[PDB]
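**Q** Numbered according to my numbering, the sequence shown spans residues 241 to 570.
All residues carry an ideal CB built from backbone N, CA and C; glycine is no exception.
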Amino acid sequence: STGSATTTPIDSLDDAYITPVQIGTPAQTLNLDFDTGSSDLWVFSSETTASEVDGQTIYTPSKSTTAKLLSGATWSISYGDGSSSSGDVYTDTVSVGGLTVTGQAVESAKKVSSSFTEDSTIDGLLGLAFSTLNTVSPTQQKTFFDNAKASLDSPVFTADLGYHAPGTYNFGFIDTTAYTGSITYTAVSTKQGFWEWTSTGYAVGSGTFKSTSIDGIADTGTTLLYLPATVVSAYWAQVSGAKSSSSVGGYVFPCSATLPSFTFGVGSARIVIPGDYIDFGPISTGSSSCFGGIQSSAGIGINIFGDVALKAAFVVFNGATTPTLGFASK
Numbered sequence: 241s242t243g244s245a246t247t248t249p250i251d252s253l254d255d256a257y258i259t260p261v262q263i264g265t266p267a268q269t270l271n272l273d274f275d276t277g278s279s280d281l282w283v284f285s286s287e288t289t290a291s292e293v294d295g296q297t298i299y300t301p302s303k304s305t306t307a308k309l310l311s312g313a314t315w316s317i318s319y320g321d322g323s324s325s326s327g328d329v330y331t332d333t334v335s336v337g338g339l340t341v342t343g344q345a346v347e348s349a350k351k352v353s354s355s356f357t358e359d360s361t362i363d364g365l366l367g368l369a370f371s372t373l374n375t376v377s378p379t380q381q382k383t384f385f386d387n388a389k390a391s392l393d394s395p396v397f398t399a400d401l402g403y404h405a406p407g408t409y410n411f412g413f414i415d416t417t418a419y420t421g422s423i424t425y426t427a428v429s430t431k432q433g434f435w436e437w438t439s440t441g442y443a444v445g446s447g448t449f450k451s452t453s454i455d456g457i458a459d460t461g462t463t464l465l466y467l468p469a470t471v472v473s474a475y476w477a478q479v480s481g482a483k484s485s486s487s488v489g490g491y492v493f494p495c496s497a498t499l500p501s502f503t504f505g506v507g508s509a510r511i512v513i514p515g516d517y518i519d520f521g522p523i524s525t526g527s528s529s530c531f532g533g534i535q536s537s538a539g540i541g542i543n544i545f546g547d548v549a550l551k552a553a554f555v556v557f558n559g560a561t562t563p564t565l566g567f568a569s570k
């Protein structure tokens, strides 16, 4: 089997991407944030505290003929941005882009933190990291990808995020029309439960390439590119008037600037992030200070190749018995 679904930015800055997911019988369509940095499929639901719901579409298990309470199971998750959610669990039929899994754990939120309530466009998360990070207790549950894998034509999924435009998630096949040149594959460590890999270095604009190992995760659920402070200082030193602002919470630059590109290595290959991708616009409405898309990973404890980096590439998440990542230009 295969599946193919379009993913759409939630706003004009590509702060996140939503993908429609069918849950239950008859289908309830929810728009979920597909997150390669986490392993829980959780939704806004009929069980969510009413004061914590503000415009989201909810899953109502009582209306699904295929829903079953996973008796005694609970979940609770905390993300890198300080957000959180928790609740109980149902099993139900879940379909993404025509690919169906029966008996998927659907984690129904009883509580969500303020950032989820305030984002009316995200109805929940669909985790695509390794199932070893799933938070269901006392019986850990499998991701949608892990449950689908055996049925797929090839044990892979691909992320093809758009810059200020829709893109695609495919399951079970690699669309050879979606990228240019060849795919370069690179080794993955699953020791922390992430799609963790080692970039071979970077360049700033037209500058020389610096060969240096940068361990990090491929994370579709993180907006920005978070890299070591050395690398990030080298990038922003090329933008007149750019600075790190403790008040704002990262590097800002004058909105009059033209930003340089940023190149990262994948083995002997190179992915170029255009400068425009690194512009996250005014820090507040009307400000002439703009927020940068490349930020320091210092204090976060891991480098993160988030959407700013991934949307420059066609990315293959190869879940064969030895997992690998693939990157192509597009």
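For residue 187 and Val261, I'd like the C-alpha separation in whole angstroms.
**A** Residue 187 lies beyond the range of the chain shown here (241 to 570); nothing can be said about it.
**Q** For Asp294 and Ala256, I'd like the C-alpha separation in whole angstroms.
**A** Residue numbering aside, residue 294 sits at position 54 when the sequence shown is read from its first letter. Residue numbering aside, residue 256 sits at position 16 when the sequence shown is read from its first letter. Taking the straight line joining both Cα atoms gives about 18 Å.
**Q** Please classify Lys382 as buried or exposed, where buried requires at least 16 other C-beta atoms within 10 Å of its C-beta.
**A** The residue given as residue 382 occupies position 142 in the sequence shown. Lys382 should be labelled buried.
**Q** If you run the structure through DSSP and keep just helix, strand and coil, what is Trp282?
**A** Taking the sequence shown and counting its residues from 1, one reaches residue 282 at position 42. Strand at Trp282.
**Q** Which residues in the same chain as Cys530 place their Cβ atom closer than 8 Å to its Cβ, once the five residues preceding and following it in sequence are excluded?
**A** Your numbering for residue 530 matches position 290 in the sequence shown. Result list for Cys530: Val492, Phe493, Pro494, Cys495, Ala497, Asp519, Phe520, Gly521, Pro522 and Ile523, in chain order.
**Q** Tell me whether the beta-carbon of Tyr409 lies closer than 9 Å to the beta-carbon of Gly337.
**A** Counting from 1 along the sequence shown, the entry for residue 409 is found at position 169. Counting from 1 along the sequence shown, the entry for residue 337 is found at position 97. Contact flag set, yes.
**Q** What number of angstroms, rounded off, separates the C-alpha of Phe434 from the C-alpha of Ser285?
**A** Position 194 of the sequence shown, counted from the start, is the residue given in the question as residue 434. Position 45 of the sequence shown, counted from the start, is the residue given in the question as residue 285. C-alpha separation (whole angstroms): 27 Å.
**Q** Run through the DSSP bridge pairs and tell me what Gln535 is partnered with.
**A** Taking the first residue of the sequence shown as 1, we reach residue 535 at position 295. Looking at the DSSP assignment, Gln535 forms a beta bridge with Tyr466.
**Q** On the DSSP letters alone, give me the boundaries of the alpha helix (DSSP H) that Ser354 sits inside.
**A** Taking the sequence shown and counting its residues from 1, the one referred to as residue 354 is at position 114. Looking at the DSSP string, the run of the alpha helix (DSSP H) that includes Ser354 is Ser354 to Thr357.
**Q** For the beta strand (DSSP E) containing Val336, name the first residue and the last one.
**A** By 1-based counting over the sequence shown, the position of residue 336 is 96. Where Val336 is concerned, the enclosing beta strand (DSSP E) stretches over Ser324 to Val336.
**Q** Helix, strand or coil for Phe554? Go by DSSP, reduced to three states.
**A** Translated into the one-based positions of the sequence shown, residue 554 becomes position 314. Three-state DSSP puts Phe554 in a strand.
**Q** Please go through the same chain and pick out, in chain order, the residues whose beta-carbon is closer than 6 Å to the beta-carbon of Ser304, but skip the five residues on each side of it.
**A** Within the sequence shown, the letter at position 64 stands for residue 304. Here the set comprises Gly264, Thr265 and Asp332.
**Q** What three-state label does DSSP hand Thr372 in the structure shown?
**A** Taking the sequence shown and counting its residues from 1, the one referred to as residue 372 is at position 132. Correct three-state label for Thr372: helix.
**Q** Would you report the Cα separation of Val444 and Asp516, rounded to the nearest angstrom?
**A** Translated into the one-based positions of the sequence shown, residue 444 becomes position 204. Translated into the one-based positions of the sequence shown, residue 516 becomes position 276. So the alpha carbons of these two residues sit roughly 14 Å apart.
**Q** Would the beta-carbon of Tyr330 fall within 9 Å of that of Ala349?
**A** Within the sequence shown, residue 330 is the residue found at index 90, counting from 1. Within the sequence shown, residue 349 is the residue found at index 109, counting from 1. Contact flag unset, no.
**Q** For a quick check, are the C-beta atoms of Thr463 and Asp547 less than 9 Å apart?
**A** Locating residue 463 in the sequence shown gives position 223, counting from the first residue. Locating residue 547 in the sequence shown gives position 307, counting from the first residue. The answer is yes: Cβ separation under 9 Å.
**Q** Using only the alpha-carbon positions, how far apart do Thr470 and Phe504 sit?
**A** Position 230 of the sequence shown, counted from the first residue, corresponds to residue 470. Position 264 of the sequence shown, counted from the first residue, corresponds to residue 504. Rounded to whole angstroms, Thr470 to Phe504 spans 14 Å at the Cα level.
**Q** Should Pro514 be labelled buried (16 or more other beta-carbon atoms within 10 Å of its own) or exposed?
**A** Residue mapping note: residue 514 aligns to position 274 of the sequence shown, counting from 1. With fewer than 16 other Cβ atoms within 10 Å, it is exposed.
**Q** In chain order, which continuous runs of the beta strand (DSSP E) of length 3 or greater are located wholly inside the segment 378 to 431?
**A** Counting whole runs of 3 or more residues, the segment 378 to 431 contains the beta strand (DSSP E) stretches 396 to 400, 407 to 411 and 420 to 427.
**Q** Please look up how many angstroms separate the CB atoms of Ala418 and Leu550, rounded, as I've assumed it's under 8 Å.
**A** Your numbering for residue 418 matches position 178 in the sequence shown. Your numbering for residue 550 matches position 310 in the sequence shown. Incorrect: roughly 14 Å between the Cβ atoms, too far for contact.
**Q** Return helix, strand or coil for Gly515, following the three-state DSSP convention.
**A** Taking the first residue of the sequence shown as position 1, residue 515 is located at position 275. Helix.
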